[PDB]
Amino acid sequence: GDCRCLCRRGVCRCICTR
């Protein structure tokens, strides 16, 4: 239920979990 954005290898992923 908590959203978090993270970037890896210059690719940004905004994902939500729990």
# chains A, B, ... in the order shown; residues from 1 in each chain; ligands from 1
call {"tool": "residues_around", "arguments": {"residues": "residue 14 in chain A", "least_positions_apart": "4", "cutoff": "8 Å", "atoms": "only C-alpha atoms", "output": "PyMOL selection string"}}
result
chain A and resi 3-6
call {"tool": "residues_around", "arguments": {"residues": "residue 1 in chain A", "least_positions_apart": "6", "cutoff": "8 Å", "atoms": "only C-alpha atoms", "output": "MDAnalysis selection string"}}
result
chainID A and resid 16:18
call {"tool": "write_last_selection", "arguments": {"atoms": "C-alpha atoms", "output": "CSV table (one decimal), in the first residue's frame"}}
result
chain,number,residue,atom,x,y,z
A,16,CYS,CA,3.8,0.4,-4.8
A,17,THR,CA,3.9,-2.4,-2.3
A,18,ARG,CA,1.8,-3.2,0.8
call {"tool": "select_by_dssp", "arguments": {"residues": "chain A", "states": "strand (DSSP E or B)", "output": "ChimeraX atom specification"}}
result
/A:2-8,11-17
